[PDB]
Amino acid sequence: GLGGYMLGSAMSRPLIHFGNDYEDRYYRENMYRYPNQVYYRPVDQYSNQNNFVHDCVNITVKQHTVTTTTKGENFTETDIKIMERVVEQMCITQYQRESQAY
């Protein structure tokens, strides 16, 4: 499950750009439904950024949808689409943080 995973501190949601003013307007009006912090394993447990990141995205996303759908939610193809993109940026930033403090 979440064995050995740490909850990172909250951060600003990354402003990810989409050309169509619709998806943008959608991410903006829906980011409150997405995470603003992530789950990660100590960085000394990965060989590179891509491994830390891939692992971080799957865990953060999963935990988020199971705990939020419990209270009442619905994540479409678009919601998942957007979430993985945003969480990935946050995971890469969480990576920078971890390696910087080492």
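All residue numbers refer to positions in the sequence shown, first residue = 1.
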With B-factors read from the PDB entry, the higher C-alpha mean of 66-74 and 43-51 is in 43-51
What stretch has the higher average Cα B-factor here, 82-90 or 12-20? 12-20
Lowest, middle or highest third: where is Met6 by Cα B-factor in its chain? middle
When the deposited Cα B-factors of this chain's modelled residues are ordered and cut into thirds, is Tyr26 in the lowest, the middle or the highest one? highest
